[PDB]
Number of protein chains: 2
Amino acid sequence: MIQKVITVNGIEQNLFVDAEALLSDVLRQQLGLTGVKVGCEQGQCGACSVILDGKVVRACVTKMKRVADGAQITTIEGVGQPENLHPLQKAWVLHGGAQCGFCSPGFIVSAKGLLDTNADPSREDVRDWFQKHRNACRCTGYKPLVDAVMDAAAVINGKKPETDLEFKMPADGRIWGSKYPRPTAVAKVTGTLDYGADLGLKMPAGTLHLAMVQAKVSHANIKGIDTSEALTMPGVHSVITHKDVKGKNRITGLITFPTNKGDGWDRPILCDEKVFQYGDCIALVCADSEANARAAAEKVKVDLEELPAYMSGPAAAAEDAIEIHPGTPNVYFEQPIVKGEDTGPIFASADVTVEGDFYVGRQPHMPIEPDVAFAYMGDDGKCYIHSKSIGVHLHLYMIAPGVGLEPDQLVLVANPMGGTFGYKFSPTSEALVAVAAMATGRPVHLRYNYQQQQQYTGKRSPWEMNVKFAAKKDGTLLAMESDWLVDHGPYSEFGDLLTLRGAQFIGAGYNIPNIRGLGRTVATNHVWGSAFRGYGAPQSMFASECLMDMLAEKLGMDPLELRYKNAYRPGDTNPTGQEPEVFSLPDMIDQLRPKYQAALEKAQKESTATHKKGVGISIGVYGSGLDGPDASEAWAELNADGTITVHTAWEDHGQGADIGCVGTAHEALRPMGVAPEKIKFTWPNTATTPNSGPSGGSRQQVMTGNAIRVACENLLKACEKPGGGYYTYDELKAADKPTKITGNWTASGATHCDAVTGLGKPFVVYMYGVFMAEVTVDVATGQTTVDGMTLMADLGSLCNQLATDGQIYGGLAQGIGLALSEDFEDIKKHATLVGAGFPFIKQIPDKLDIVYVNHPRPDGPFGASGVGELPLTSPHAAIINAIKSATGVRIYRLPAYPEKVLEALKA
Amino acid sequence: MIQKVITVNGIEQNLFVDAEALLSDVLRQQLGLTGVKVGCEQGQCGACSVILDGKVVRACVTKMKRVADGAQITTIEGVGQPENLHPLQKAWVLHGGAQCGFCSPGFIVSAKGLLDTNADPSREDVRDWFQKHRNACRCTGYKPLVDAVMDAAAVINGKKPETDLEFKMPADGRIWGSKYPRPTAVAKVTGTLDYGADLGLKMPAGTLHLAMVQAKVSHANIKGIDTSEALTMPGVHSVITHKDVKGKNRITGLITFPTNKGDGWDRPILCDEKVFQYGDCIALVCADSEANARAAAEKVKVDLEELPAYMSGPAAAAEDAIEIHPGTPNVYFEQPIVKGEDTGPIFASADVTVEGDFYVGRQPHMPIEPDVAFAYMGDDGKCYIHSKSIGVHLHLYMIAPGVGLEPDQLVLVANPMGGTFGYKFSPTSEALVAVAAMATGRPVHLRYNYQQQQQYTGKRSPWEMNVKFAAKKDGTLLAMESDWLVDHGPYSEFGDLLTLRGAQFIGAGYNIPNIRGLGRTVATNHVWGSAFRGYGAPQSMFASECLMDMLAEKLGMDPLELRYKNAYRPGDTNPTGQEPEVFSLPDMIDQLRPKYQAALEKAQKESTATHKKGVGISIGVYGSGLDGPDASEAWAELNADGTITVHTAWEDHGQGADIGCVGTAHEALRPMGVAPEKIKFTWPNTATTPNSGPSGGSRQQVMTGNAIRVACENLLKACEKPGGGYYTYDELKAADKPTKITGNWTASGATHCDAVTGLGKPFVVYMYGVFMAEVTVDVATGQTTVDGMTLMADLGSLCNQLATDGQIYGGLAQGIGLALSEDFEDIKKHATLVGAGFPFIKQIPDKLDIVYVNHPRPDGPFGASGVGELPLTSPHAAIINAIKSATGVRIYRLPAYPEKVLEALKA
Ligand code: FES
Ligand code: FES
Ligand code: FES
Ligand code: FES
Ligand SMILES: [Cl-]
Ligand SMILES: [Cl-]
Ligand SMILES: [Cl-]
Ligand SMILES: [Cl-]
Ligand SMILES: [Cl-]
Ligand SMILES: [Cl-]
Ligand SMILES: [Mg+2]
Ligand SMILES: [Mg+2]
Ligand SMILES: [Mg+2]
Ligand SMILES: [Mg+2]
Ligand SMILES: [Mg+2]
Ligand SMILES: [Mg+2]
Ligand code: NA
Ligand code: NA
Ligand code: NA
Ligand code: NA
């Protein structure tokens, strides 16, 4: 050990440290500076950025031996605090740069380092700086972060007054549609919002820290578990196995389709008879620290009989394949789509036909914050779980039978969380922590490292697809045929539903009267499927939007004009036979057209012999809702202090559940003149908030926004005074009148898609958009650079523009990754951010352009649709179409790795 | 466990707690708010004061179940921070209210609570508030704290501008003699100075926490130790016993007098053959937490043969008594005093003689911070100890042979510390933590609780005394006889030296030509003797100053006038035959006289039948130095940034080592125009600071102040430019000239007192004072209230008036405790603050008056003497003399408990 006397955030610290200890651990654990966020732990994400003697360093890869006596360190806590915000923090809030907020401290500290060395950076200087310092963001697409740095710099430079970094209320007083900052922003930009790992550090002594004993093969029969060496190791309390589970030790898919061949009870909590994928949790070590638990987990010995593993859909679907779940065929679900007339004769007599085979793979979510959860037994006898769940009520029912609790004896709460992008539509760690809390009686905390986040959370499910179009010479679509095979890994939850998405979205955007297709879901031993932003659309629409360009090529037609010819207009129906609710695609195409033509001309002018430029188009469509007559509930309550609490379980991945609540409520409450800062939101809790439903399917703004609107309308009625005006809390309580008022809303016009035909009216609101990608391909290396993305978006009406702009930029960036760099195929190589192709700032163009072409929705609150998943529906198709425009080569199987593009260029 | 969402220091906290947990632990350990100080842990000291929902509460006795959802908590961190100080914090700094600083956060938070309820309190309102809220201070005597509250209130009320709470530099630029604030004040008032327990919380995981296995009988032969049950208990690493000690397992007294009958090696580190007092440490449990170590220590079984214990000096000194240290007589030292002619014949022929038997007991130091230390093995192979040592070099040599290290392989460092008042002139925990660090190889931390602070740190040693005076009718003293028996408990360190103090100080202040006396030191089984502020003078001068009043009474002379007749004047010598260096007692008496006469008249006028008022006088004298030719060393270094570091081992109990250094250096550096904020001090460290010596004997201002002066004079010479002016650092380094310059100083005129006669010149500088106490005695209950104290003080020249005023107020308050309420006689009953008679604010009068009558010392730096121990030399004699004045009764044996006074009143 060594004494080091240094200054941290301007205050002398008399530190006692191991010279080999990591600065991140010292700052977070010894000094309580949990504003230093840790994600990857490998120097790749920048979340742990601190200033050390004028240099921005990653604290997770800086050992204390590198910190000199008398060193100066600054963390986010030294940049500024609530009510003493630095210009960078104020700018972040104003520009909406904190979505999940997990990267915000690190970007802000890094930016202070930049501005201390270059007071007047260009936007490119800012981008170069964040590239060099490895500041990674998965939510924002980087543009808002650069915007914030530039604004702060202007203020620090005296070019602009600091008051201009503070939001100015619009003249109309309306926050609906405005850039009003989100309530959680201040906490996020000051490092004072506690995420799950932060909470772990602040839990009491005697909290047990868990480590997973995980399968290191992909498929096996388990013969035994020996914990004897582990029990002797430092700090170890006990080891938990399936024998300690008090219920069924299975997670239920809950809404497993009747025509699924499996019962939906396939997924264990702790493996008992079998390993089904690499990473499966076989045991939990409980210890006094994460470090001691992990060390001991390495000594637990599992005796396995390894089995041949099926690592792709086609392998597992072979007629000869051995059943992974004995008694259930590996191909456990099929969904037909049968619209209109038989397609065979139409293809035979059509002027033109096209066909393609396409692939979209196992995209990894890559939030900056790896999975983390904790649980404890309450003083009331219930088991409490606090996690990254984005469907607390859903997950309660998925896990309660398995853990052996009745639903009223378990409570799930959503912690503040650093992104999910859908992986948390699935249970991950909740059942594990519940079992351990129940077995020990003690609080327990489980933090995944980044390798576990990659290997042992669910993934976008790969689809192998064949799609065909028949059309007239004038471009009018006549018929479509489709086939898709969904590799869902070993756990069935929502796999049938994901497969149904192919019937709904392959070919969406156009009038196609005649469709014959079939989706099939297959169990494999690769990573299990969890929702990933777009949930079936990125697969489906990659195929159909690439195939539209192939059709245009075969006709000698411009691909934007081919889309214009076929786009939904009154009278048309979507693939499930339902009429669209608004018709904005022609409007959006007409408004895009001159920008597309100019982009084509620029690409022609600026292309060189070696660097070929191209422009690509695609359409995106997706539902806002879960299928059928989805519903939500909210409670609007006048509090004694005159504030109003809007109680919901609107789960916040980081997308803006807080501001969606406040903005929607504000608009609904305008007759009573309620200031936005007087409106409070509630963190999701299954005991004390209503069943608003999960934040999946881009649904909350529509479903919960409507429930909030109704609850607020009902509160206004409850407060109305005879003769005009409104009663105060005191007046209502004195008259023994209610102050907490319910509202509910149901999408009553919706119906589930049929099991035989796929036809129905699954959503009452959809999101519609048109993408344009501008790219450059280096034909010597095959490397593609995306120079610009544009989204024409019809969101009906904006609840909050900081929220929607940010959602779109973030989705576009994930689309660039999906197109060019991302996959989870190689269990070890793709288990790091850099290994799996995470998009760092230079991969995302500064030119991300949005044009809102909003057609108010009949059933949306104040006309709103969702936004969340729209920007990932097909940006990757636009990008691949742009590579084709540039070079003549078509990549059918994502991602467009440089060598793959080169091979195609040279064939 | 329960989730509680509350606000702490204005920030929402999502807390997870045990409902039974103490708020102090939650705030300090879970939230890192080490500004909440914990001392007593029993709700008696107020150090842990926090504001909870507008009420000031003691966090150490507030369980989390009392903290409601939505509660608001404020700690010192929420009051203000460095560079954002609250008016109360600024006022504390300006008024010098932070000496050790350990109580400062709690008083400030408590005061904010006061001012939030009563914006314009009277001084009595402030006192009533601190009484009610149990805010205890052992350093300041409370008056400076009340001063600070009143000043802050005026500012908060708009009656006075906030800028007036900031120090204004004197016109002359001189900080010597000024009220310049001490460097450490800001950290203390903001809770950002880490004391030893705070450091423990900020040490790395894998630091082991120690608990002592202690004797629960006073005297025994040890037969065995069974650790078997303890080793099985939660979190336990190991148990350390004497078998793990690598050296002699004894602490050496180091400077044991040759005529001592013992070898000075009597004190074990870990008991091996015997228990010598209740509380002796027999083993150390090492565990993952203090709580787990303590729980396991309760299960360690010690097999003992209890022996009869001698619990007082007279019992142990009986001719028949069994030797506690076999081979050494219990009476192990005698010091004669033989001055002038044989006293028998002088007593026989004198006009008047008086005699008395007096007792001063086992006063407990009662710092607000209980003892704490830690140790580790450095990367350099040395063993480092960080403790409350106020003599780091001294303690290194006292313990190194016992722990089995050569002196260069051990390093002792003084942590910031919450008071000692001399107990840390002794080793307490240093050898214990060293043994454990060496045995385990791991960092180790040991915190005493308040019961252990009381039972198992050293104490003022009781003296049983008989003193006699012979005098002429006109009051001229002719001769003195003295006998004293010093109960030193079982451990000899500095016991012989303490006994020699009786030869030096019994009768000090007056010309007494003929003296015959004898002091004897005896080992007992009550608590071992450690220095307590005044170190022999409080005992010695209680006897002689009470006896002077008895002489005055027998002569029918006024007791101030009797002192005036006899006080040192040129030509006189002190009891050791040495001439005083200055002669200020007559001056001080002349200046006190009219205030004494007015006080007498007030007492006469204001006395009633039931409440009798009186006025008492005493003189105090004490040396500044350790005996003989004491010395110190300092290094003055010009740093590259133009600051100057003054390197010393001036140990800070809280008295002001920081400001003594800065003020003395500033004065010495004035020719070069060095601003005070440019002068840095060094925390004591045996490896990297010079052997400046211990902060004992009121010596540092004289010894180390002179060394600092010399080092600074030498730095000026090193920086002088030919032709006038001074070179910069850059100019000196370029010329390859030295920048770090030594200075030393020795009290060359001093000699040790003779072993046969007691004569010598032990100190070259003394401190001189005259006390006046004003009291009221309720003759129905025997309760005495001290209504006022005055000290006429000759300190030569003031380095810093905030420091000296505070030292005097603090010493006067300890004198009130010594006189009226304090003892450590009953091992259990006196093991709490309240049980042992700690003076809370209402026991200390707001009227504490100082008059400086400074006679510059020939050998002091800029004329300064010490101050530290002067105010405790005899205030308790003045108080007892005032009780006699008021009521006619004399208390001979302290303390003057009400029942004791009543018994005397009624006899
Ligand atoms: S770079 Fe440190 S946590 Fe990712
Ligand atoms: S806001 Fe950047 S990772 Fe979420
Ligand atoms: S009153 Fe809480 S530590 Fe003393
Ligand atoms: S300053 Fe109050 S206890 Fe030391
Ligand atoms: Cl057909
Ligand atoms: Cl391909
Ligand atoms: Cl490649
Ligand atoms: Cl004699
Ligand atoms: Cl008495
Ligand atoms: Cl009493
Ligand atoms: Mg500022
Ligand atoms: Mg038509
Ligand atoms: Mg190749
Ligand atoms: Mg202020
Ligand atoms: Mg004389
Ligand atoms: Mg009695
Ligand atoms: Na901590
Ligand atoms: Na792993
Ligand atoms: Na802590
Ligand atoms: Na004890």
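The deposited model was determined using X-ray crystallography, 1.5 Å.
Each residue, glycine too, has its Cβ placed from N, Cα and C.
According to Swiss-Prot, the features are:
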{"type": "BINDING", "residues": "B:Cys40, B:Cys45, B:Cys48, B:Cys60", "note": "[2Fe-2S] cluster 1 binding site"}
{"type": "BINDING", "residues": "B:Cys100, B:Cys103, B:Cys137, B:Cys139", "note": "[2Fe-2S] cluster 2 binding site"}
{"type": "BINDING", "residues": "B:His653, B:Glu869", "note": "Mo-molybdopterin cytosine dinucleotide binding site"}
{"type": "DOMAIN", "residues": "B:2-79", "note": "domain '2Fe-2S ferredoxin-type'"}
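All features noted in Swiss-Prot, drawn onto the structure.
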residue: B:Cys40; record: [2Fe-2S] cluster 1 binding site; DSSP (3 states): coil
residue: B:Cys45; record: [2Fe-2S] cluster 1 binding site; DSSP (3 states): coil
residue: B:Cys60; record: [2Fe-2S] cluster 1 binding site; DSSP (3 states): helix
residue: B:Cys100; record: [2Fe-2S] cluster 2 binding site; DSSP (3 states): coil
residue: B:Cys137; record: [2Fe-2S] cluster 2 binding site; DSSP (3 states): coil
residue: B:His653; record: Mo-molybdopterin cytosine dinucleotide binding site; DSSP (3 states): coil
residue: B:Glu869; record: Mo-molybdopterin cytosine dinucleotide binding site; DSSP (3 states): coil
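Taking B:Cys60, B:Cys100, B:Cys103, B:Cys137, B:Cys139, B:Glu869 as the candidate binding-site residues, the subset whose CB lies under 6 angstroms from any atom of ligand 3 consists of B:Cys60. Neighbouring residues of the recorded [2Fe-2S] cluster 2 site, listed in sequence order and excluding B:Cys100, B:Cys103, B:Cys137, B:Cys139, comprise B:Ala98, B:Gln99, B:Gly101, B:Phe102, B:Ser104, B:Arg138, B:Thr140, B:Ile368, B:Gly418, B:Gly419, B:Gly654, B:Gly810 (Cβ within 8 Å of the Cβ centroid). Around B:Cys100 ([2Fe-2S] cluster 2 binding site), taking its Cβ as the centre, 29 other Cβ atoms fall within 10 Å, counting all chains. Only B:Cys103, of the binding-site residues B:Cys100, B:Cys103, B:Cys137, have a C-alpha within 10 angstroms of the C-alpha of B:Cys48 ([2Fe-2S] cluster 1 binding site).
For B:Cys100 ([2Fe-2S] cluster 2 binding site), the nearest neighbour among the listed binding-site residues (B:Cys40, B:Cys45, B:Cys60, B:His653, B:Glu869), judged by C-alpha distance, is B:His653. Rounded to a whole value, the Cα-Cα separation of B:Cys45 ([2Fe-2S] cluster 1 binding site) and B:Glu869 (Mo-molybdopterin cytosine dinucleotide binding site) is 24 Å. Among the binding-site residues listed (B:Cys40, B:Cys60, B:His653), B:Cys40 has its Cα nearest to the Cα of B:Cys103 ([2Fe-2S] cluster 2 binding site). Looking at B:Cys40 ([2Fe-2S] cluster 1 binding site) and B:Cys137 ([2Fe-2S] cluster 2 binding site), their Cα atoms lie 12 Å from each other. Taking the C-alpha atom of B:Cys139 ([2Fe-2S] cluster 2 binding site) as reference, the shortest distance to any of the binding-site residues B:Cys60, B:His653, B:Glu869 belongs to B:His653. For the pair B:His653 (Mo-molybdopterin cytosine dinucleotide binding site) and B:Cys137 ([2Fe-2S] cluster 2 binding site), the C-alpha distance works out to 14 angstrom.
On the backbone, the CA of B:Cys60 ([2Fe-2S] cluster 1 binding site) and the CA of B:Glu869 (Mo-molybdopterin cytosine dinucleotide binding site) stand 33 Å apart. Straight-line distance linking the Cα atoms of B:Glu869 (Mo-molybdopterin cytosine dinucleotide binding site) and B:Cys137 ([2Fe-2S] cluster 2 binding site), rounded to a whole number, equals 17 Å.
Long-range C-beta contacts of B:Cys137 ([2Fe-2S] cluster 2 binding site), restricted to its own chain and to partners at least six residues apart, with a cutoff below 8 Å, comprise B:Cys103, B:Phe107, B:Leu145, B:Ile368. Other than B:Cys40, B:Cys45, B:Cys48, B:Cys60, the residues of this chain whose Cβ falls within 8 Å of the Cβ centroid of the [2Fe-2S] cluster 1 site are, in sequence order, B:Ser24, B:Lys37, B:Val38, B:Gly39, B:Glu41, B:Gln42, B:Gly43, B:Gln44, B:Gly46, B:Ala47, B:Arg58, B:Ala59, B:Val61, B:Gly106. Other Cβ atoms within 10 Å of the Cβ of B:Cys48 ([2Fe-2S] cluster 1 binding site) number 27 in total over all chains.
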